[PDB]
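Q: Provide a 3D model corresponding to the input given below.
(chains A, B, C, D and E, ligands or ions: 4)
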Amino acid sequence: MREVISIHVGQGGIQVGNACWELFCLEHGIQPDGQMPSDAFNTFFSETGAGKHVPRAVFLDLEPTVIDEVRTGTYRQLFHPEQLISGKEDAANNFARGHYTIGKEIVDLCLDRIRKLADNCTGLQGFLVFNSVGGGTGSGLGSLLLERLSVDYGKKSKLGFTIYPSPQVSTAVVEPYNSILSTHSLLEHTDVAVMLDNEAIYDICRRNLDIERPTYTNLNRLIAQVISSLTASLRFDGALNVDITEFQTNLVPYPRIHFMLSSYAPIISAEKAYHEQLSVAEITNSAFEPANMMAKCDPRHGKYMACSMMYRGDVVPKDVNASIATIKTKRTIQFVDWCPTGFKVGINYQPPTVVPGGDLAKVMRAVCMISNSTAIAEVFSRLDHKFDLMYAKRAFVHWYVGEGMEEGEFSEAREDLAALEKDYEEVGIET
Amino acid sequence: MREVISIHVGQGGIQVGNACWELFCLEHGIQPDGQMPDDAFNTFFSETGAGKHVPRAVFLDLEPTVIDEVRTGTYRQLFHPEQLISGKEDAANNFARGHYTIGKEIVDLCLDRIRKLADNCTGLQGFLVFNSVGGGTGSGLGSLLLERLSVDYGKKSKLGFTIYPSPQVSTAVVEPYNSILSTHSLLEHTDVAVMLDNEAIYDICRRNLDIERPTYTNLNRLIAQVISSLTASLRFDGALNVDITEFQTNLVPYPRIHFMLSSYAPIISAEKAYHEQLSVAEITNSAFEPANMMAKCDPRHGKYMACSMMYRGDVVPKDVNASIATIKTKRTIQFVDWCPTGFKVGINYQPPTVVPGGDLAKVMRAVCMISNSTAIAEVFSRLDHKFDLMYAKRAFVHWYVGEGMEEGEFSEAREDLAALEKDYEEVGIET
Amino acid sequence: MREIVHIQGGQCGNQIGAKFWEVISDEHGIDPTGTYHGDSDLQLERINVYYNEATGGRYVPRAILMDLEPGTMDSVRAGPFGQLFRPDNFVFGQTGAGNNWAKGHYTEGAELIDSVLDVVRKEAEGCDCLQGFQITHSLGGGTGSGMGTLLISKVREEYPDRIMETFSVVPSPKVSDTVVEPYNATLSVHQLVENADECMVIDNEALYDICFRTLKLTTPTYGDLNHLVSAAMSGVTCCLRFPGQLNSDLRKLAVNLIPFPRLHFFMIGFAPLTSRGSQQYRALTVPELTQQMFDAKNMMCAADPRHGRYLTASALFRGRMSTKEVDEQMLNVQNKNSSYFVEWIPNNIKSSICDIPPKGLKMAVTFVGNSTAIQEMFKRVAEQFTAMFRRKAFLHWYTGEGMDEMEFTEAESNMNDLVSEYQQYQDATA
Amino acid sequence: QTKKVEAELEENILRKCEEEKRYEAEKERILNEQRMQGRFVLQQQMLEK
Amino acid sequence: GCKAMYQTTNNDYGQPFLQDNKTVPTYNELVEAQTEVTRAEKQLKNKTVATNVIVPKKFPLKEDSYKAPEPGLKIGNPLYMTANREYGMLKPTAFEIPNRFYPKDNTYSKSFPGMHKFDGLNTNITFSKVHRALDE
Ligand SMILES: Nc1nc2c(ncn2[C@@H]2O[C@H](COP(=O)(O)OP(=O)(O)OP(=O)(O)O)[C@@H](O)[C@H]2O)c(=O)[nH]1
Ligand SMILES: Nc1nc2c(ncn2[C@@H]2O[C@H](COP(=O)(O)OP(=O)(O)OP(=O)(O)O)[C@@H](O)[C@H]2O)c(=O)[nH]1
Ligand SMILES: Nc1nc2c(ncn2[C@@H]2O[C@H](COP(=O)(O)OP(=O)(O)O)[C@@H](O)[C@H]2O)c(=O)[nH]1
Ligand SMILES: [Mg+2]
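A: Residues are numbered from 1 along each chain as shown, chains lettered A, B, ... in the order given. Ligands and ions are numbered 1, 2, ... in the order given. Take a look at the structure below.
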């Protein structure tokens, strides 16, 4: 009777949702048209009474392009036809467009559909929201939805899986302007946020997967595996189970400090995964290898606050505790002084699933790790420098002002990021 | 629970390793694919947990020619695809290139792979390293590898099966130069060094095996047989077993003196192998025969420190004891004054293995003899004379100078060889 | 009651002990599964001396096995009669001693001995009335030569009033298979003389010579050598397990054979030994048995007893006989060969009789004799040691693990003092 | 003793069941090998197409 | 589950009489027949519930199942054959396979998580040295 609602807003959210829902359908055995060929699926899907299953997902956009791709693709019969909301005019990389001008006429439909979906649920655990931050409607509609859902619901937890820009590889030129603004809005409205910088996943696709020309499809398959490994504890049997509410009780020391980053292991191609055993001893060591991180950040530059490990497969609880002690006694991993115990571990029995036509290999044991560390402060410092450099000469500001955005809102967003950096700096020191 | 890691650096090392590994696979019954169609392979291999075995070996080179041959041959499936490290530009018979310019861009990856391999092991006995001297990559990367290992690992035993240039037959013109630097590097970093120069092996083939056109394929097989005889006591049960650690504890009178040469017997073609009984009484004389040494040296010109010999087959412990007494009673073989007893003998049950397409016959006995003697000073003296001849007119010096190596690096190596000769001469005298 | 506990170390010690246990089990009629299959009541009256009672009614040896490598123990467990040994009693290292007395006495042995001492304490605590300890080890190998001496030291520290027997195999100048033998042989002898109550030395060269001359078999093997040693070992303690005309245990043997505390090195032998073809021609009686007893080439040591003088000697007879003929034979031999017998201790031969002959034989004898001639082995070992040590060859391994030349000098001086005071009585006259 | 030996007879039976519990563990390690041979090779042929 | 396990104390109070009154053995035979009684007592548990030379093993691979692999690259003519790939070309036949095998089995030593140290409290009891009867 436990459910979870997933919100896909923006092109990045939609294109990662396609892959994640393909993976979910394959994992639960549901055909693309929704029929089940001849009770655990209740977390994600809902019965229509006789036959097919309707996912608990709503798709949002302003460009009818990617939505029309879904509405005519192989999954056209799966989703509810009138929850694939589409607009007319794109935000076009303008934050003010998606928050003040053309998002107010469309946010009403999304709220009504979310209310309708929630009224059907009975044990709603929380919300999942995917959005690209360095864009107009992704940041614009993402902030508005979180702001509305806060006052509409209250204590329902919200999980955000955002994609911040890479340190040096990015497409847009005005993305430092709106990345700062959306962080301001989501900081006080999201309970758990994950960093998914694009450049980090490109390198992972190289070294491990032996792929020379990766594409956005390859990255989106990696994120789907992370989501499935995170949510498998709700819908599969295991020795040690962990809920969504049992995430923000063990990873968030203070209400402001909830920006964290993820990792996954093992990631390896089938052409060389069968030359080695992939024991639990080393796959838990690789998860802490800095080169295997899913965000372009260096954990060696700061302490750790709390680390969560979710094992799936045939892991033995004794083996898990034997490897954890090795990590504790290692000298290149440093925890903060006021956190003597820093691990919350969960174990599941379902082995990871494999999607045909993919690049990954299938292994008997996989670990997905979420860590909160003070090293995440550097991505804010480097993002601030670009915004300061552009705002010194006030480039592209006239584009945002003319859409109904006050001049003074840029300064307020800048100030609170400085406050967050100072908070990290003051909390990282020892007593 | 007993392991040994083999490192092959240089073309000579790779080509010897090919023969040694095909021999080991044939001996233990592992197919070239790696799938077997009780636990003795553990010395050289490692179970992946389901089916295939992978060798505990790493291949290093700076040119792709020889390695690409391995990655395309029949033994491609055996090795891990990543433990064959290859460069792009060759050293081109330049020691300074392989130790100061391009050897430093590969050592990190090789050391990382060595650490990964040694993490898997639990009772690591030691390392086996194969490298020819008269080449840039053999000398340059060998010195750096042993120098890094001596400080990374420390007290683990390292055995060097090295090939020196022949007294008169060689393929290069600058190999006297890069030979001296290799000696200076390895004298202070190698536990046991074996002399395996090419000309002596050439004579053995023509004299015994009735081969008039010996190719490098024939010579490498003898080295493989020597390695197999040396290490068979670790993986086959026997009456008197000897460990890897039971070579240096018994064959090294003083820490500086660890240069020694090998001898193997019998080596008889199958067309005449059945005209004699190949008794243990007579095969032990062929081991001590002065001209059957695998190194072009004359034992009749010096004394013996100690001699280690290993028997495999169906020998009887009472048989060998009489033969040792006969050898001692022989007057032309004189031992040093301060060594009343100098024989260390081992016995193993498993007979030697014959490879199809080879040259040796199938016999019920074999002897591998490792002796330390004062007569090894002659190779040092002759290489020193060649170096003095060429270094007189500053020949070829600019090639080494232009690659970051100082002018004075030759003088210290010359003084080191002079000190080594002085030490051998001082030890050789009586009391 | 008055039970004795067996402990062995090293490859040579383990091979000796395995064959000893096979001989004991064959004598007591115990199958490899620990079930009694015998016929006589005497075979079970005193089985508690060597064996323990477990659940189900099976018997297990109270043996403790020590080593530095798992290969020897894994082999002896898989070998025949290996199922008897309790898995808990197996204690071993993982690295090996490497024929290095310093390594096996200071680095690895120092850390490993805690468990083996614990097991020994448990076995000696569980017994009814402890009689003593007996140890089989080699003096030429690292782990044996080191841990045997160290464990003897600590066991003597813990139980000062017991009896300690050591069956040592010393290296001979003829058949030598280790280049570092004199060093650890001297180091082991120096520690053994101060602690061991009784020491019996065995020579591989003597064993091969016996196999070649008396048994006259083409291909001797370590199995046959271990069989001879095991028969010799069972001979001394047979009279403790079986009744006889004159029973005499280990302590009585020690009191009778040891005149002075430091002269406790014995040389042993067994009789009769006959080739397969000449059995039906020879007559088995006390005269022929004492001939093969006092015969020189039947000895298990390279020392020649006629190159010195006998201090005391003891003979253990097994089977039915008459005490009168035994006493007459001993008196006649000692009276006629008075030149080889020291004079200030007249009537220096002890005799014991047991009523149970070995299976397949009507009569058998075990001989233990203390003769001044054993100094030859010490002299030759000392000569080899000083020849190798004057030039400091093979010494840096010893010096790199907490050992210095002071210990070598002390050990050499102690062995030389032993030799001098042991030769003193060869020429001492009353 | 007659009732005694009946008691230890039960431990021997309890020994036999424990050995069989080890046997099914051997059947467990067949699973990875079974799932390795036939089906991990197929995942190497998917890229060949 | 044993039926004899459920017998309990306080049932030891008066329960009939095994030996009847009309077949009392004489004192003479009871003394004489103690040999079998002692013999029966000692070996009762041993018969009810208590119940060389090296040998080589078989080679792991059979002749009929070598399964030689085909080389990855496509060579066309013997002209392009290189001496470096001469190794392994010929599959082994019946003659050259080894006749006897003497491998090392480490199953027994692949156990014993470690050695033990007695972390206990004495419980020795002293059995005396001379005619136990004056001990406590
Ligand atoms: N991981 C991942 N990121 C994507 C993908 N497609 C786009 N992005 C990210 O999205 C960011 C820009 O946003 P857009 O793709 O334009 O979509 P948007 O955020 O809704 O903004 P609009 O263009 O106005 O719709 C880029 O910086 C990309 O990093 C994708 O397929 N996978
Ligand atoms: N025994 C034996 N010796 C070889 C073999 N190949 C080369 N050598 C010896 O190696 C010497 C030269 O070194 P090489 O190994 O050929 O070249 P290298 O070590 O790769 O050094 P670079 O050419 O600079 O890469 C020659 O003089 C040969 O005597 C071989 O296959 N077997
Ligand atoms: N009698 C006998 N002697 C043996 C046997 N095996 C080895 N030896 C002797 O033991 C000596 C080597 O001792 P070693 O094995 O190194 O002793 P360790 O270091 O304690 O294991 C050799 O000189 C052999 O003569 C055996 O089975 N029987
Ligand atoms: Mg080369």
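
Q: can you give me the helices in chain D?
A: Taking DSSP state H as the criterion, chain D contains helices spanning D:2-40, D:42-45.

Q: format the ones you listed as TSV; extra columns: mean neighbour count.
A: Bear in mind the C-beta positions are built from the backbone N, C-alpha and C, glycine included. Shown next, in TSV, are the helices of chain D (neighbours: other CB atoms under 10 Å in any protein chain shown):
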stretch	mean neighbour count
helix D:2-40	11
helix D:42-45	13
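
Q: of those helices, which approaches ligand 2 most closely?
A: In terms of CB to the nearest ligand atom, the element of the helices of chain D nearest to ligand 2 is helix D:42-45, at 33.0 Å.

Q: counting contacts, what elements does that closest one pack onto?
A: helix A:270-273 (3 or more CB pairs under 8 Å, 6 or more residues apart in numbering or on different chains; DSSP states H and E).

Q: and the helix it packs on, anywhere near chain E?
A: No. With CB under 8 Å from any CB of the partner chain as the criterion, chain E is not reached by helix A:270-273; the gap is at least 13.2 Å.

Q: so which of the helices of chain D gets nearest residue A:357?
A: Across these, residue A:357 has its closest neighbour in helix D:42-45 (11.1 Å, CB to CB).

Q: list of residues touching the closest one?
A: Residues from elsewhere that reach helix D:42-45, judged by CB atoms under 8 Å, 6 or more residues apart in numbering or on different chains: A:270, A:271, A:354, A:361, A:362.

Q: close enough to count as contact, the first one and residue D:40?
A: The one in question is residue A:270. Yes. Using CB atoms under 8 Å, residue A:270 is in contact with residue D:40, at 6.9 Å.

Q: overlap of the contact sets of these two?
A: residue A:362.

Q: got TSV for the helices of chain D, with distance to ligand 3 too?
A: Listed next are the helices of chain D as TSV, based on distance: least, CB to the nearest ligand atom, whole Å:
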stretch	distance to ligand 3
helix D:2-40	33
helix D:42-45	49
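
Q: tell me which of the ones you listed sits nearest to residue E:99.
A: Per CB to CB, nearest to residue E:99 of the helices of chain D: helix D:2-40, 30.1 Å.

Q: so which elements touch the closest one?
A: helix E:34-48.

Q: spatially nearest residue to the closest residue to chain B within the stretch 1-150 of chain A, not counting backbone neighbours?
A: Residue nearest to chain B within the stretch 1-150 of chain A: residue A:27 (23.9 Å; CB to the nearest CB). Using CB to CB, 6 or more residues apart in numbering or on different chains and skipping residues adjacent in sequence, the residue nearest residue A:27 is residue A:353, 4.6 Å away.

Q: check residue A:127 too.
A: Counting by CB to CB, 6+ apart, the nearest residue to residue A:127 once its immediate chain neighbours are dropped is residue A:158, at 4.7 Å.

Q: mind listing what the one you found touches?
A: Contacts of residue A:158 by CB under 8 Å, 6+ apart are A:126, A:127, A:129, A:146, A:149, A:189, A:190, A:191, A:192.

Q: show me which of those is closest to residue C:11.
A: Nearest to residue C:11 out of these is residue A:192 (CB to CB; 62.5 Å).

Q: torsion angles phi and psi at the residue nearest to the closest one when sequence neighbours are not counted?
A: In this structure, residue A:192 finds its nearest non-sequential neighbour in residue A:159, 4.9 Å apart by CB to CB, 6+ apart. Per-residue torsions, residue A:159: phi -110, psi 120 (degrees, to the nearest 10).

Q: distance of residue A:159 from residue C:41?
A: As judged by CB to CB, to the nearest Å, residue A:159 and residue C:41 stand 83 Å apart.

Q: repeat for residue C:192
A: Look at residue C:192 and residue C:41: by CB to CB, they are 40 Å apart.

Q: ok, those two, which is more surrounded?
A: Neighbour totals were compared for residue C:192 and residue C:41, and residue C:192 leads with 22 against 11 (other CB atoms under 10 Å in any protein chain shown).

Q: ok, back up a step: wait, the residue nearest to residue A:192 sits on residue A:130?
A: No. Taking contacts as CB under 8 Å, residue A:159 lies outside contact range of residue A:130: 9.6 Å.

Q: which one's more surrounded, those two?
A: residue A:130 (27 against 23).

Q: and that one, that's in a strand?
A: Yes. Under DSSP: H, G, I helix; E, B strand; the rest coil, residue A:130 sits within a strand.

Q: and it, what is it in contact with?
A: Applying CB under 8 Å, 6+ apart, we find residue A:130 in contact with A:6, A:7, A:8, A:9, A:12, A:13, A:16, A:17, A:160, A:161, A:162.

Q: residue C:95: which of those residues is nearest?
A: Proximity of these to residue C:95 (CB to CB) peaks at residue A:161, which lies at 50.9 Å.

Q: what's the most distant pair in the contacts of residue A:158?
A: Comparing all pairs in these by CB to CB, the longest separation belongs to A:149 and A:192, at 14.6 Å.

Q: quick one: the residue of the stretch 1-150 of chain A closest to chain B and residue A:227 touch, right?
A: No. Counting by CB under 8 Å, residue A:27 stays clear of residue A:227, with 11.0 Å between them.

Q: backbone phi and psi for the residue of the stretch 301-431 of chain A found nearest chain B, please?
A: Relative to chain B, the nearest point of the stretch 301-431 of chain A is residue A:364 (8.8 Å; CB to the nearest CB). In terms of degrees, to the nearest 10, the main-chain angles of residue A:364 are phi -80, psi -20.

Q: surely it and residue D:31 touch.
A: No. Counting by CB under 8 Å, residue A:364 stays clear of residue D:31, with 9.2 Å between them.

Q: could you pull out the helices for the stretch 1-150 of chain A?
A: Remark: helices assigned in the stretch 1-150 of chain A by DSSP state H, counting those that start in this stretch are A:10-28, A:64-72, A:107-120, A:136-153.

Q: same check, this time on chain E
A: Going by DSSP H, chain E shows helices at E:27-32, E:34-48.

Q: quick one: closest of the ones you listed to residue B:250.
A: Closest approach to residue B:250 among those (CB to CB): helix E:34-48, 49.8 Å.

Q: please, where are all the helices along the stretch 301-430 of chain C?
A: Per DSSP H, counting those that start in this stretch, the stretch 301-430 of chain C carries helices over the ranges C:323-336, C:375-389, C:396-399, C:405-427.
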